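Structure at a glance
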Amino acid sequence: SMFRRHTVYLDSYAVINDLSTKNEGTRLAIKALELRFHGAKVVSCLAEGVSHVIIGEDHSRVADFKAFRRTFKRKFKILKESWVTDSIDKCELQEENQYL
Amino acid sequence: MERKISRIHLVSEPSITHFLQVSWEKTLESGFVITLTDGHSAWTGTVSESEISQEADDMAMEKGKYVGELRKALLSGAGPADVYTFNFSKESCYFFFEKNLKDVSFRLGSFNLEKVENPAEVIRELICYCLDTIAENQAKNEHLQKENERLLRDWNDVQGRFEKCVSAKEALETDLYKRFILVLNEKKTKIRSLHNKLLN
Amino acid sequence: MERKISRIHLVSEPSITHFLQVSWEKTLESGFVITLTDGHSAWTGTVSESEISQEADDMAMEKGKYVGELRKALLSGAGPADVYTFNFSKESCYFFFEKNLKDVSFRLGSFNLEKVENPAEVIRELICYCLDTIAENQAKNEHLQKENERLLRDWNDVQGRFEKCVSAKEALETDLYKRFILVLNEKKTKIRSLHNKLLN
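Residues numbered from 1 in each chain as written, not as in the entry; some residues may be left out. Chains lettered and ligands numbered in written order. Part of a larger assembly, values for the part shown. Heavy atoms only, no water.

The name that the PDB entry assigns to chain B is DNA repair protein XRCC4, with the source organism given as Homo sapiens. The UniProt entry for chain B carries the following text under Sequence similarities: "Belongs to the XRCC4-XLF family. XRCC4 subfamily." (UniProt positions renumbered as here; feature names shortened; annotations may be inferred.)

If you check the PDB entry, chain A appears there as DNA ligase 4 from Homo sapiens.

Structural data, given as structure tokens:
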């Protein structure tokens, strides 16, 4: 239940807020599955309730997320895939500042 | 522009092997250009749809079966038991191929090839095409091997993660009941205290 | 026993591309036999430990690095920034290649070749080796494709199993929590009812 109060949105869709564009990622799908297994909340639609964002090696969408978060009242955080892996390995929530 | 290179042994010269190159645009039915070479001389001929249709009509069978036999013979697609004999008269440049069957033979086909003034050009083209296809196949094999290695690594990692999670599931299953028991025991202790106070 | 065949462009006749094949037993250190083919005529030569050592001695460079350059040049290992120019004096059958870097030439080797009476056998061997390499590469490609398909199917099955496991875990947690919270609410209502009697 470590990720109970930390909702995570993953860049598994080429176009945001569009279910018809599901990607065939390899690491991303497994990481999302594990994160939801550990109690995290994963939403296919990016709404105002999103608090954390996970992006893989694809750095092309970083600018899009940085532009979107400006309009959002609460700005989310973009974290690398290493944060969740380290959290599972150490069995506690690592600080995101080292993976932002 | 599909192409196929095969090695054949003419009955006239069984001590050496000749190379037959067959090139067709879309399918063997439409037509194909064949070239027979031996490293010193080359003979190039062409066969069109009309010639194939006439040969099939003369042999009195469906076009599909004749095309299949031609594919099995010229393109080296022979089955486990299929013997094809290729004869080539160099003086007349007449190249025919037949199917051997026990003690009988069928004149499957015949063409009239013509010599090319520069066999070196065609030999070089054939060798260059062979090298190019070899390189392309090697690159494709390397890419496939890399993909397979990556898939194996990812599968192993996911298997380990699943192995951990399956046991974590039962761990949580056991922990939840104990937590509920503790909280309910505390609440029942409060209930007992209140009941005793009321009794007093 | 292995060999490598590459395309070599002569400065004298850049239009026609020759084919240079180099074959060795275990490594270039022991030696290698080279053959230059054009399509109508061929030339053959050999190099051994003594010849390569002599060729390295006259130049102030390490033998290992020298054989490295020889491998980079003759086996088509030149990179984008590496350019090599070859010359083959037919009259004297004298072969030599140099490296063109920063607009200055530098000799790398000087081989002596001997013409072959029959050039129709070397070409036949080259074509047969190319066909065998194509066949083995195709077989390897088919095997790799089958392995890739199997690995993809296994990965998909594992992902489906993981999804099923996580769904089952979430359902179990939700059911247990709903049951526990209902029991806790019942206990809380009992507590409130008992406390309501204190004021009375």
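**Thoughts on the interface of chain C and chain B**
Opposite the 51 residues of chain C that make contact, chain B presents 52 residues. Overall, the association of chain C and chain B removes approximately 5000 Å² of surface from exposure, summing both partners, and the carbon and sulfur fraction of that is 75%. At the surface where chain C touches chain B, the tally comes to three salt bridges. For B:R7, the salt bridge goes to C:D132, with nearest N and O atoms at 2.7 Å. Where chain C packs against chain B, one counts eight residue pairs in polar contact. Going through the elements one at a time, β1 (2–9), β2 (17–24) and α3 (120–196) of chain C are the ones with two or more residues in the side of chain C that touches chain B. (Contact = heavy atoms within 4.5 Å. Buried area = accessible area lost by both parts, 1.4 Å probe. Salt bridge = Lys/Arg side-chain N within 4 Å of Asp/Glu carboxyl O. Polar contact = N/O pair within 3.5 Å; in protein donor to acceptor, adjacent residues only side chain to side chain. Helix = DSSP H or I, 4+ residues; strand = E, 2+ residues; numbered from the N terminus.)

**Considering the environment of B:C130**
Within the secondary structure layout, B:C130 lies in helix α3 (residues 119–199). Each C-alpha atom of the pair B:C130 and B:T27 lies 21 Å from the other, and the pair is 103 residues apart in sequence. Excluding residues that lie within four positions of it along the chain, B:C130 makes contacts with C:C130, C:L131 and C:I134.

**Describing the nonpolar core**
One finds C:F32, C:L74 and C:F97 to be the most contacted residues of the largest nonpolar core, which totals 29 residues. The set of elements that each furnish at least two residues to this core consists of β2, β3 (31–37), β4 (42–48), α1 (49–57), α2 (63–74), β5 (84–89), β6 (94–99) and β7 (107–112) of chain C. In terms of residues, this core owes the most to one element, α2(C), which gives five residues. C:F97 has contacts with C:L70, C:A73, C:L74, C:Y84, C:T85, C:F86, C:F106, C:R107, C:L108 and C:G109, leaving out every residue within four places of it along the chain. Ranked by size, the runner-up nonpolar core spans 27 residues in total, among them B:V22, B:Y66, B:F95 and B:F111. (Core = buried A, V, L, I, M, F, W, Y, C linked by side-chain atoms within 4.5 Å. Buried < 20%, exposed > 50% of the residue type's maximum accessible area, 1.4 Å probe, protein only.)

**Things to note about the interface of chain C and chain A**
Interface size, as often reported, equals the accessible area lost upon joining of the parts. Each side of the interface is counted separately: chain C has eight residues, and chain A has nine residues. Both sides of the chain C and chain A interface together cover about 830 Å² of buried area, and 67% of this is carbon and sulfur. For the pair chain C and chain A, the number of links is two salt bridges. Its salt-bridge partner being A:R36, residue C:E163 comes within 2.6 Å of it at the nearest N-O pair. The interface formed by chain C and chain A holds three residue pairs in polar contact in total.

**Here's the deal with the sheet that holds strand β2 (residues 52–54) of chain A**
Hydrogen bonds along the backbone pair up the strands of a sheet, which may run parallel or antiparallel. Residues and elements named next belong to chain A. Reading across from one edge, β1-β2-β3 is the order of the three strands in this open sheet, with parallel pairing throughout. For this open sheet the edge positions go to β1 (8–10) and β3 (77–79), each flanked by a neighbour on one side alone. Strand-to-strand, the axes of this sheet are offset by a mean angle of 30 degrees, without reference to chain direction. Taken together, the three bridges between β2 and β3 define a ladder with parallel strand orientation. Bridge pairing in β3 places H52 opposite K77. (Pairing = 2+ DSSP bridges. Axes fitted to C-alpha atoms, helices over the stretch in contact; angles between N-to-C directions.)

**Details of the side chain of B:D154**
Within the secondary structure layout, B:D154 lies in helix α3. For B:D154, the contacting residues outside a window of four places in its chain are A:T26, A:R27 and C:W155.

**A closer look at the environment of C:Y66**
Residue and element names in this part refer to chain C. Inspection of the secondary structure puts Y66 in helix α2. Through-space distance from the C-alpha of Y66 to that of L108 is 8.4 Å; in sequence the pair is 42 residues apart. Excluding anything up to four places from it in sequence, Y66 contacts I52, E55, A56, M59, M61, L108 and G109.

**As for the sheet that holds β2(C)**
Residue and element names in this part refer to chain C. Across the sheet, which stays open at both edges, the five strands sit in the order β1-β2-β3-β4-β8 with antiparallel pairing between neighbours. Sheet topology places β1 and β8 (114–115) at the edges, where each strand pairs with a single neighbour. Pairing between β1 and β2: eight bridges, direction antiparallel. Bridge pairing in β2 places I5 opposite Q21.

**Examining the pattern of salt bridges**
For the structure on display, the rule yields 30 salt bridges over all chains. For C:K146, the salt bridge identified is with C:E142, shortest N-O distance 3.7 Å. You can see C:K146 and its partner C:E142 sitting in helix α3, four residues apart, about one turn around the helix. In this structure, C:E170 engages C:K169 in a salt bridge whose closest nitrogen and oxygen atoms are separated by 2.7 Å. For C:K169, a relative accessible area of 6% puts it in the buried group. In this structure, a network of salt bridges that share partners links the residues A:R27, B:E147, B:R150, B:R153, B:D154, B:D157 and B:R161.

**A closer look at the packing of aromatic side chains**
A full pass over the atoms with the stated rule returns 21 aromatic pairs over all chains. Relative to B:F95, the ring of B:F86 lies with its centre 6.3 Å away and its plane at 15 degrees, an arrangement referred to as stacked. Assigned by exposure class, B:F86 and B:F95 land together as buried. When the centroid spacing of 6.1 Å and the interplanar angle of 25 degrees are considered together, the rings of C:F86 and C:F97 count as stacked. You can see C:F86 sitting in strand β5 and its partner C:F97 sitting in strand β6, a full 11 residues away along the chain. Overall, C:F97 belongs to the buried group, its relative accessible area being 1%. (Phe/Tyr/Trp six-rings, centres within 6.5 Å; stacked < 30°, edge-to-face > 60°.)

**Focus: the state of the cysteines**
Under the counting rule described, the total for this entry stands at zero disulfides over all chains. In this model C:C165 remains outside any disulfide bridge; the closest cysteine sulfur is found in B:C165, 7.0 Å from its own. (Disulfide = S-S within 2.5 Å.)

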